[PDB]
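Undergrad:
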Amino acid sequence: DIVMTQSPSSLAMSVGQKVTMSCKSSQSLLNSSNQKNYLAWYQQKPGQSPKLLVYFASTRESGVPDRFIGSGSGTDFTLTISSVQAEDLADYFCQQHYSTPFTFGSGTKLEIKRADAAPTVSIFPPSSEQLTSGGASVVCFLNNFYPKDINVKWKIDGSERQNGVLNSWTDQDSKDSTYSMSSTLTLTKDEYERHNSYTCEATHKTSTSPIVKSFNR
Amino acid sequence: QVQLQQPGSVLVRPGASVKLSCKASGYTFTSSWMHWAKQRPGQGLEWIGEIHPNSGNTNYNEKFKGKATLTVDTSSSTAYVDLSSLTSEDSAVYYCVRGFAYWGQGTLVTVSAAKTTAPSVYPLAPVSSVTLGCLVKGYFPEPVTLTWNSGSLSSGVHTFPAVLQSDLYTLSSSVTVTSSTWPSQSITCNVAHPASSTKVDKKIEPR
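Chains as they are written, first to last, in PDB author numbering: chain L, 1 to 30, 30A to 30F, 31 to 211; chain H, 1 to 52, 52A, 53 to 72, 72A to 72C, 73 to 98, 103 to 127, 134 to 213.
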C-alpha cells in the first residue's frame, strides 16, 4: 500500500508566524490521465470532525481562508499557513486519493504560543448533596493560564497529600490560547471529617511563589 | 447541504458485534461513494473501505476484511458498517465520509463489559469575579452533555474532559461570572447522560 509520511509530529507557533507541514508519499500521486495530484489536506480541531482544506494538492475547498496553501507534485507535498491565527490550532493531516486503500498521514498537531497568563485558582469543598451520600470530593480549578507547564499541590492540615488526586486539562482555547486544568482530591465523608484545613497550591512560572487557596471544614 | 448523521457513541461487550449507521441528507445518496474511517487517539487514521449506494459495489482495506462489512439502505439513504467480534483494539471513533470531501459526526465505539451507570451531579459553590462549578461523577459510558442556564451562559465556561477509573467517568465544569451578578442571577448546570437516560438540572446555591 501507499505510505504517507507526515512531519513534523507537532508545531508550536506564535500568532502571525508561517507554518510549514510536510507530506511525503511512497508513490507518485500524479495521475497521468488528468495530470492532477490526488492528495488532500484536512483540518481537525479538538473534538470536531475533520474538514477538507485542500484537494488535488493545491485547490482550496470553498470557504477556506487563503492563508491555507497547498503545493508540491509527485511524492512530496506541503501545507502552509502563511500567518497562523489563534483559531488555527488543530490536527492537520493528509490523505492520498490515488489508489486503494486510501491511506492517511499520521498528522501534525499545531499549538499556539503566547505571552504569560497567571492561573485563576478556586477551591471547592464537597457539597452537602455528596456528603449526604457518603462521598467527599474537593475540587480545585486553575483557569486560563499560560504556559501549559504547572503543578498542583494538595495539603491536608499543612501536610502534602498526593494519592487520590486526579487532574484534567482543557484543550488550548481557540481565542486566548490559554489552558485550564481541574484538580480533584477524592475522599470519603468519614475521611474528610477527620481533618480541618484543605489547601490547593498552584505553582506556575508566572510567579516564584505558589498561588494558595484554602478553607477550613 | 451535506450532512452525515452518526450516533454519538455505542457500548459493545467484548466478543460481540455492532452495526453502525450513517444517515445522509442534503445530497443524492446514490451519487457518491461512502467511505468509512477508523480513528484512535493513539495513531493515524485508517481507511476501512468504501461502498457505492447505487450499485452496492465495495472496496475494502485488506486489513479490515473479516472485521468490517459495508452495506446500504437506499430507501432510507443510510450507510452501515457491521463490525464483528470486537476486541479492545476495535475501540475507536468510526467516521463515514461522502467521497473524500465531507466527514460525518463519527461514532465512538467503547468495547467493554462494564455496566452503564448514571452520574451524580453535585453543585460547586464558593467556600470582582466569582467562579462556580458542576461535578458530574461516576457515569458510564461516554459521553455526557453539560450546559449552563440551558446554554445561554456560554462565555467564561470551562468543561474539563472526564477521567476514568474502574469503568467510571468523572467530569467537571466551571463557570466564571461577574461577582455582582451572582447569586442575584441564578446559575444552573444542565447535565444529560443519554446512555442511562439521565437528565439533571443543578442550581448552584450559596453555602
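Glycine is no exception: its CB is placed at the ideal position from the N, C-alpha and C atoms.
1) Closest by CA to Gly55(H), which one among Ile48(H), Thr184(H), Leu45(H), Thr68(H)?
2) DSSP three-state label for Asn155(H), please.
3) Taking 8 Å as the threshold (beta carbon to beta carbon), is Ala97(H) in contact with chain L?
4) Name the chain L residues that come within less than 8 Å of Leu124(H), Cβ to Cβ?
5) With 16 as the cutoff for other CB atoms within 10 Å, does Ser134(H) come out buried or exposed?
6) Quick one: is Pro147(H) near chain L, going by C-beta distance under 8 Å?
7) Report, in whole angstroms, the separation of the C-beta atoms of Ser168(L) and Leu83(L), which I expect to be a contact under 8 Å.
8) Extract the residue ranges of the alpha helix (DSSP H) inside the segment 131 to 172 of chain L, only unbroken runs of 4 or more that lie entirely within it.
9) Roughly how far, in whole angstroms, is the beta-carbon of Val181(H) from the beta-carbon of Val163(H), given that I think they are within contact range, below 8 Å?
10) Checking contacts by CB at 8 Å: is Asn196(H) closer than that to chain L?
11) Check each residue of the segment 82 to 100 of chain L: if its Cβ is closer than 8 Å to any Cβ of chain H, include it; give the result in chain order.
12) Answer yes or no: do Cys134(L) and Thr72(L) have a C-beta to C-beta separation smaller than 8 Å?
13) Is the Cβ-Cβ distance between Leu11(H) and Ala201(H) less than 8 Å?
14) Reducing DSSP to helix, strand and coil, say where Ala67(H) ends up.
15) In the DSSP assignment, find the beta strand (DSSP E) that holds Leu82(H) and state where it starts and stops.
16) Near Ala125(H), what residues of its chain come up, given a Cβ to Cβ distance below 7 Å and the 5 sequence neighbours on each side ignored?
17) Using a Cβ-Cβ cut-off of 8 Å, state whether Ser43(L) counts as contacting chain H.
18) What distance in whole Å lies between the Cβ atoms of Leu141(H) and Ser172(H), which are believed to be in contact at a cut-off of 8 Å?
19) Go ahead and pull the three-state DSSP assignment for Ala16(H).
TA: Reading from the atomic positions:
1) In the second sequence, the residue the question calls residue 55(H) occupies position 56. Closest option to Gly55(H), Cα to Cα, is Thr68(H).
2) Numbered from its first residue, the second sequence carries residue 155(H) at position 149. Here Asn155(H) sits in helix by DSSP.
3) Taking the second sequence and counting its residues from 1, one reaches residue 97(H) at position 101. True, the Cβ-Cβ gap to chain L drops below 8 Å.
4) As a working mapping, residue 124(H) is identified with position 124 in the second sequence. Correct list: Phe118, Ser121, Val133.
5) Taking the first residue of the second sequence as 1, we reach residue 134(H) at position 128. Exposed is the call here.
6) On the second sequence, residue 147(H) is found 141 positions in, with the first residue counted as 1. Judged by the 8 Å Cβ criterion, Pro147(H) is not in contact with chain L.
7) In the first sequence, residue 168(L) corresponds to position 174, counting from 1. In the first sequence, residue 83(L) corresponds to position 89, counting from 1. With 8 Å as the limit, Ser168(L) and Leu83(L) qualify as a contact, their Cβ atoms being about 6 Å apart.
8) Given a length threshold of 4 residues, the segment 131 to 172 of chain L has no whole run of the alpha helix (DSSP H) inside it.
9) Position 175 of the second sequence, counting from 1, holds the residue named residue 181(H). Position 157 of the second sequence, counting from 1, holds the residue named residue 163(H). The pair is a contact, with the Cβ atoms about 5 Å apart (cut-off 8 Å).
10) Counting from one through the second sequence, the residue named residue 196(H) turns up at place 190. With a threshold of 8 Å between beta carbons, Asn196(H) makes no contact with chain L.
11) Cβ contacts with chain H: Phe87, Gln89, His91, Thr94, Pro95, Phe96, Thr97, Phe98, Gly99, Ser100.
12) Taking the first sequence and counting its residues from 1, one reaches residue 134(L) at position 140. Taking the first sequence and counting its residues from 1, one reaches residue 72(L) at position 78. It is not a contact, given that the beta carbons lie outside the stated cut-off.
13) As a first step, residue 11(H) is located in the second sequence; it is residue number 11 there, counting from the start. As a first step, residue 201(H) is located in the second sequence; it is residue number 195 there, counting from the start. Closer than 8 Å, so yes.
14) In the second sequence, the residue the question calls residue 67(H) occupies position 68. Secondary structure of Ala67(H) (DSSP, three-state): strand.
15) On the second sequence, position 86 is the one that residue 82(H) refers to. Boundaries for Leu82(H): no beta strand (DSSP E) harbours it, and the DSSP string shows neither H nor E there.
16) If you number the second sequence from 1, residue 125(H) lands on position 125. Correct list, in chain order: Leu138, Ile210, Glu211, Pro212, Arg213.
17) Here residue 43(L) refers to the residue found at position 49 when the first sequence is read from its first residue. Output row for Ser43(L): interface = yes.
18) In the second sequence, the residue the question calls residue 172(H) occupies position 166. In the second sequence, the residue the question calls residue 141(H) occupies position 135. Incorrect: roughly 18 Å between the Cβ atoms, too far for contact.
19) Sequence index remark: in the second sequence, residue 16(H) carries index 16 (1-based). In the structure shown, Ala16(H) sits in coil (DSSP, three-state: anything other than H, G, I, E or B).
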